[PDB]
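Undergrad: sharing an experimental structure here, sequence included.
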Amino acid sequence: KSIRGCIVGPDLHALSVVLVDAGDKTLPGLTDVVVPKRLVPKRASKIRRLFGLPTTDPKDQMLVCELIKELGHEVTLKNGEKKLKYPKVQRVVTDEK
Amino acid sequence: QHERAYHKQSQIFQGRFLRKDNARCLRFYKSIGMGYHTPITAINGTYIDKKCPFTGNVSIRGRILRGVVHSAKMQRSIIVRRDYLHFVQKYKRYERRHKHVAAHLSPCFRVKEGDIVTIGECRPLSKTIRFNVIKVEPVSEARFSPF
Amino acid sequence: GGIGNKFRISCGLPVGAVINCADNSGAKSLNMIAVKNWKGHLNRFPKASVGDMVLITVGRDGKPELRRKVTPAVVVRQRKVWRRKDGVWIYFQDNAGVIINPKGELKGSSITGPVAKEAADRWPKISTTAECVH
Amino acid sequence: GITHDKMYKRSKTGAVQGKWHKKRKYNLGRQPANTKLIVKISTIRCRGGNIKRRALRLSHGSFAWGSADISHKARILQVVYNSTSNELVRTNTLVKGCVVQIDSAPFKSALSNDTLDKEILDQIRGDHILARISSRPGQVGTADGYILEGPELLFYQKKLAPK
RNA sequence: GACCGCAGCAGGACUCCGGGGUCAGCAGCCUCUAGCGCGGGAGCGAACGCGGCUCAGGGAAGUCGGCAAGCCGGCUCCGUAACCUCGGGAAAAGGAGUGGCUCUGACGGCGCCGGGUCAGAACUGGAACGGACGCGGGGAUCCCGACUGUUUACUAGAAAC
RNA sequence: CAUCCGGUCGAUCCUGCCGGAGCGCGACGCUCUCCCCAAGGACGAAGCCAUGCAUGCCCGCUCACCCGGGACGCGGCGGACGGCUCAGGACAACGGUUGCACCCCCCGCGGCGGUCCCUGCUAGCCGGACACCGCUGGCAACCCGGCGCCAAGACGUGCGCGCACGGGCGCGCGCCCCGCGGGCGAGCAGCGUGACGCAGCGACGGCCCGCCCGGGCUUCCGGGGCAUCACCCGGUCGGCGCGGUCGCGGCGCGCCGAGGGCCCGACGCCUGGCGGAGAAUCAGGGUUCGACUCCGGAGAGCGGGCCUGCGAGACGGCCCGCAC
């Protein structure tokens, strides 16, 4: 395929940049806003680490939930029937495991 | 020493000639199957041959055919002339027909042109040599013979 | 059929020049019979530059139909260095030309190698057909 | 596109053969990996997906002295006598049957030992025990060999002779 | 070096002897020995001339006509057609290599000492090697004379004799 | 499934062809009342192609919509079979007959399963992270850029019987041979013991060996015409050492010889040449055709080169030159 060069040029009609260290003035769109992470850890060793189980046996129910009912239920008006939107916990030791 | 490389039989380890003058085996006289006797020329001979039918690392697997020696002019190899009759059906008659087979003549037997030899199938040992001489039936000092 | 007022560039191909084919028309080599728009002076061989329509004959190398006829052509590459008014002095490895009618249509579907901007500006079909303008 | 097909060759009578098929992948050959000797083992995926090891540069190998039954890793100091190409000797390429000088230091202890011949014990002092490589490094990925013993040595000493 | 042509005239004059290097060479180029500094010198660096060079892009379009110039060239290995009196054509046409080093091989007399030719290989150098010099451009046809020879000293070397 | 008859003469008997008469397989003409079966762009155009369609399925993992169904994604398996055509190819393919003690193989099926040290390991159990996606995008199109969230039976690690254990490397029968095996017509396998190497695979443990099927080569025999093609070849023919391969071998490369093939027709040339099982016709002996239905070969405009793969030198993969 045709690929543009590593060295920057006048030709590029678009460029991309990662702000690292910055000036005091907060960027009008960047420094003020804080994006919520869409989802959370599901790997159990990460989930135990997130709750500092190593810091302070299989946790099993330490898992959090979006708690936002069920996807594909708004038209059914099943909004009151709030399922726990637990991200499925994976890497969790079970007694079967 | 004009030979670019030394030649050693693979079966016998080089430190047998150096010492142990008393005993052990310094040559490998394997006996061929199919009721053919490894000759004493191989048993007491000094030749090496990687493709020798008896001493060398070759196996006689496949058919065994007999033919006269058309030529003995290559190095340790002969061409065996095969004479056979092919029957054409429409004419109730046969055709005398000939095919030439390239075979490896190991130094153990001695072959002069015009002598019956038995050739046995072997792993291809050359572009044209897929057969190794097993026996030589010498003929008189001097036709079409189907063997 | 040339579109525009070209600025004068040094002409490296006089009558007698055998320019190479730049098209799949089937000619391999084209001999320059003469130059169009030429009022000469006594003894001056007619001379041509890149982007200039010339009358050419195709030699024994070419396909038979192309041979034996005076055919219009444009020079698309010249070995002689020439100075564009921008100050660039440019030359190409070979002298080559495209068989084209005076109207502008070309005999061959394809053009091979770089083609000078002078040819491509003057003749639009040259610009579209040629892979590179240099 | 290196191939080991017989279709490209001539017939026994010297008659040009006609080509019936296009090159096949089963009938393929690979660029020879002449194994240089330093003074990396590449992995290649073969037919069946079997992985054969190709040594490209290999410093030392498990050489051995059979009559004295002592076998130790030793460093390959230098390559002498290729027997196929003199060019390979001076490029120090490693092939089977390649005479080589291994460092005498792993086998140095046997110098005190006696009765394991006399000529081979003289080599122990010099730092130059002659040894033929026994393994194809291109196919087996190893340069394990065997010290020359008895008449083979005498032939390879006469070949290496300063003349 | 004094002869004979006007002359102490780049004209013409018969022999003998004939080193080195590069080379196939008594060739070209450079030299040892020996000879030796030519109807003068200075200045300048115009045109034009004569003797040589080099030239972009094109490539005989110049001209009566490729005249003159250029191209080619030594060696080694391949590779060579029509035609033909079978002898030729033919160096046909057309290619490729070539240096300097460092080494290998072969070739004799026969304790031991030649020879300088032939191959083969590394490794090197702006992509360079017959490095100057010397040194076929080639091909397709037509006419005429078979050829090698001879010819109008001083305008015709030809197909003429 | 043993048959003739018309024609040279003025007549006759011959030779000899010409012509009929039968049966197929296709074209054309004219004509077809109905049903059953059935061939159907092969025929010196393997010429070119608009458009549509011909390879998906699956849920290992599932925090948009809808519910237990998950889309999208990642992952797996398959896409190498099938369908198509007969261009190329004349000791080739192809047929019948051998071998691989010279070999590769997915699946499935049956066995078998011990995995070194040593540092650092977590073995109730490891990382960090990619796509989809959230944001922010260029580009005519094709194509895809960044930044963050975050899973696997994905990825990389990884404890684990010093009878630990992959490859390869040594030393391990002979007394003229053959008359036992783990075995074989065959000295083959396996192991012991040296040393090398740390190969496996272990995060839902499985390498490995077998059998199968499918290869790859291979042995013998059969395998078009043309002499207005008589000599031919020069890795060509053998040896030897290496390399390469799944392996074998001039298969490649050095080296060393001078072979090798042929009037039993070699070699050259040519083909409107795929071969076989078969098809047509048909006392017998034969002649002709071997597009196509099954089997084996070959190819995807024409050459090359590869990648992924267990397998493709694959073209409803890629890359390049060529032709359009």
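TA: The structure has been received and is ready for your questions. Numbers count the residues shown, from 1 in each chain, chains lettered A, B, ... in the order given.

Undergrad: what about the helices in chain B?
TA: Using DSSP state H, the helices of chain B run over B:40-44.

Undergrad: taking the centroid of it, which residue is nearest it?
TA: residue B:133 (2.3 Å; Cα atoms, centre = their mean).

Undergrad: need the nearest residue in space to whatever residue of chain B ends up closest to chain D, chain neighbours excluded.
TA: Closest residue of chain B to chain D, Cβ to the nearest Cβ: residue B:18 (3.3 Å). C-betas here are computed from N, CA, C, even on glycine. Leaving out its chain neighbours, the residue that sits closest to residue B:18 by Cβ to Cβ, 6 or more residues apart in numbering or on different chains is residue D:150, at 3.3 Å.

Undergrad: again with residue B:56
TA: Nearest to residue B:56 is residue B:49, by Cβ to Cβ, 6+ apart, at 4.5 Å.

Undergrad: neighbours around the residue of chain A found nearest chain B, how many?
TA: Closest contact between chain A and chain B, by Cβ to the nearest Cβ, is at residue A:1 (47.2 Å). Residue A:1 has 2 neighbouring residues, counting by other Cβ atoms under 10 Å in any protein chain shown.

Undergrad: swap in the one 10 residues further on?
TA: Summarising burial for residue A:11: neighbours were counted as other Cβ under 10 Å, giving 7.

Undergrad: got it, and residue D:130?
TA: Based on other Cβ under 10 Å, the number of other residues close to residue D:130 is 21.

Undergrad: next: residue A:13.
TA: 5.

Undergrad: swap in residue A:47?
TA: 21.

Undergrad: residue boundaries of the strands in the chain?
TA: Defaulting to chain A. Using DSSP state E, no strands are found in chain A.

Undergrad: looking at chain C here, not the other one
TA: C:13-14, C:18-21, C:29-35, C:47-48, C:53-58, C:71-77, C:82-83, C:89-90, C:96-99, C:114-115, C:132-133.

Undergrad: same question, chain B
TA: In chain B, the strands defined using DSSP E lie at B:64-71, B:77-88, B:93-104, B:116-121, B:131-137.

Undergrad: got TSV for these, with distance to residue A:87 too?
TA: Compiled in TSV, these are given as follows (distance: least, Cβ to Cβ, whole Å):
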stretch	distance to residue A:87
strand B:64-71	76
strand B:77-88	78
strand B:93-104	75
strand B:116-121	70
strand B:131-137	74
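
Undergrad: ok so, going back, surely the residue nearest to the centre of chain B touches residue B:117?
TA: Yes. In this structure residue B:133 lies within contact range of residue B:117 using Cβ atoms under 8 Å: 4.9 Å.

Undergrad: need the residues touching each of the two.
TA: B:78, B:80, B:103, B:105, B:109, B:111 (Cβ atoms under 8 Å, 6 or more residues apart in numbering or on different chains).

Undergrad: of all the residues you listed, which two lie farthest apart?
TA: Farthest apart among the shared contacts of residue B:133 and residue B:117 by Cβ to Cβ are B:80 and B:109. That separation is 13.0 Å.

Undergrad: and for chain C, the residue most distant from the center?
TA: residue C:42 (24.2 Å).

Undergrad: same question, chain B
TA: Taking Cα atoms, centre = their mean, the residue of chain B most remote from its mean C-alpha position is residue B:90, at 39.4 Å.

Undergrad: ok so, going back, where's the residue of chain A closest to chain B relative to RNA strand F, distance?
TA: Distance, residue A:1 to RNA strand F, by Cβ to the nearest atom of the strand, to the nearest Å: 5 Å.

Undergrad: find the closest residue to RNA strand E in chain B.
TA: Residue nearest to RNA strand E within chain B: residue B:2 (9.0 Å; Cβ to the nearest atom of the strand).

Undergrad: residue A:17: neighbouring residues, count only.
TA: With neighbours defined by other Cβ under 10 Å, the count for residue A:17 comes to 5.

Undergrad: residue D:102 too?
TA: Neighbourhood size, residue D:102 [other Cβ under 10 Å]: 27.

Undergrad: for it, give the beta-bridge partners.
TA: Counting by DSSP bridges, residue D:102 is bridged to residue D:76, residue D:129.

Undergrad: I'd assumed residue D:80 was in contact with it.
TA: No. Look at residue D:102 against residue D:80 with Cβ under 8 Å: they stay out of range, at 11.5 Å.

Undergrad: right, so of the strands of chain B, which gets closest to residue D:137?
TA: Nearest of those to residue D:137, taken as Cβ to Cβ: strand B:93-104 at 30.4 Å.

Undergrad: spell out which residues of chain C are next to chain D.
TA: By Cβ under 8 Å from any Cβ of the partner chain, no part of chain C sits against chain D.

Undergrad: so what's the most centrally placed residue in chain C up against?
TA: Geometric centre of chain C, nearest residue: residue C:75, 1.1 Å, by Cα atoms, centre = their mean. Residues in contact with residue C:75 (Cβ under 8 Å, 6+ apart) are C:13, C:19, C:48, C:49, C:50, C:51, C:52, C:54, C:95, C:96, C:97, C:119.

Undergrad: ok, and of these, which contact RNA strand E?
TA: Applying Cβ under 7 Å from any atom of the strand to the contacts of residue C:75, one finds that C:13, C:95 fall near RNA strand E.

Undergrad: name the nearest of the contacts of residue C:75 relative to residue D:26.
TA: Residue D:26 lies nearest to residue C:96 out of the contacts of residue C:75, by Cβ to Cβ, at 46.9 Å.

Undergrad: ok, and the closest non-adjacent residue to residue 68?
TA: As the question left the chain open, I've gone with chain A. Closest to residue A:68 by Cβ to Cβ, 6+ apart is residue A:85, at 5.1 Å.

Undergrad: please refer instead to chain C.
TA: Distances taken as Cβ to Cβ, 6+ apart place residue C:57 nearest to residue C:68, at 7.7 Å, with adjacent residues excluded.

Undergrad: same thing with residue C:67?
TA: Per Cβ to Cβ, 6+ apart, closest to residue C:67 is residue C:58, 5.1 Å.

Undergrad: cool, and residue C:100?
TA: residue C:106 (4.7 Å).

Undergrad: for that neighbour, which residues are in contact?
TA: Taking Cβ under 8 Å, 6+ apart, we find residue C:106 in contact with C:23, C:25, C:98, C:99, C:100, C:125, C:126, C:129.

Undergrad: ok, and the most crowded of the residues you listed?
TA: residue C:98 (30 neighbours).

Undergrad: residues in contact with whatever residue of chain C ends up closest to RNA strand F?
TA: Residue of chain C nearest RNA strand F, by Cβ to the nearest atom of the strand: residue C:24 (4.7 Å). By Cβ under 8 Å, 6+ apart, the contact list for residue C:24 reads C:108, C:109, C:110, C:112.

Undergrad: select, from these, the two members most distant in space.
TA: C:109 and C:112 (11.3 Å).

Undergrad: in terms of neighbours, single out the busier of those two.
TA: residue C:112 (17 against 9).
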